[PDB]
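The chain that follows stands alone, in the form deposited in one PDB entry, written as structure tokens.
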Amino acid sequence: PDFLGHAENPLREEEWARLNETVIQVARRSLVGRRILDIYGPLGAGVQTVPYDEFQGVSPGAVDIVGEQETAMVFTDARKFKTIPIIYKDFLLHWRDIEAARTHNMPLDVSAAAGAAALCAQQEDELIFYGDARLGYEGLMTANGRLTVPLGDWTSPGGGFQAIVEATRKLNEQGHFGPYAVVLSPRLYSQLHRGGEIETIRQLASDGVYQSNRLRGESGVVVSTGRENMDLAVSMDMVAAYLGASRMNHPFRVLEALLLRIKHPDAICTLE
């Protein structure tokens, strides 16, 4: 009956709620790029470009009684705008499957939506860490002015410290300090659990040490957690949309419009 037409929404309220719940929970339990970046806010689908700051040029303040001394104003070094990309993934549902879910009262399948959400979340993490090259986007792993630090010995008693403490002192020597957030590759984050060194590294930091599968074999970062240091412009959040019944097979698509803007590149350190 329903498929004998072209309708705007091939799903009822409860089915749509379940569809959104699945994608949201998959994003919650899969996203790690959101665990090292603060967010600018829900700007809206209309917003497609945001100003890029690049606060690489700073000057010290003045010390005067009358406040007539000249200090260069802190502002964008070169006013630039970056268009917000969109991350999307498509999945198809069979009209007979919706019919079976409705009539038989069996729960509707949203496992394809879960898979699409997982792929979209992995792609978001990949974009956040390793910036896209064709679109000219920089990432935390690859950015100019990054304060590269050698890790070398990691399998010693305090290998984690030979890189973490050096990174912390380098970031502090640049004026960037405070609650640190540390990310390691799964290999390093696993091998560093040898003798409780994870607790010492967490004591060194303040926001914690996470693991991201998108990182390479032996790589990691330590970053300042300030919204001033780094931000995540959110044009529109992870959501599910309908693409119109092509041949009565209903296609849907998970969507997410995010952009990583690094205001101060010195707040990031790569334990290369």
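One-based numbering along the sequence shown. For clarity, a rigid core is taken as the largest C-alpha set superposing within 1.5 Å between two forms.
A second form of this protein, the form deposited in another entry, is not displayed here; the remarks below concern that form.
The only C-alpha among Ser111, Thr155, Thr71, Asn144 that moves by 2 Å or more between the shown form and the other one, given a superposition on the rigid core, is that of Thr71. Once both forms are fitted on their rigid core, the CA atom of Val58 lies 2 Å or more apart between the shown form and the other one. The Cα-Cα distance between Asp77 and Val221 is lengthened by 3 Å or more in that other deposited form relative to the form shown here. CA of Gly175 to CA of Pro60: closer by 3 Å or more in that other deposited form than in the shown form.
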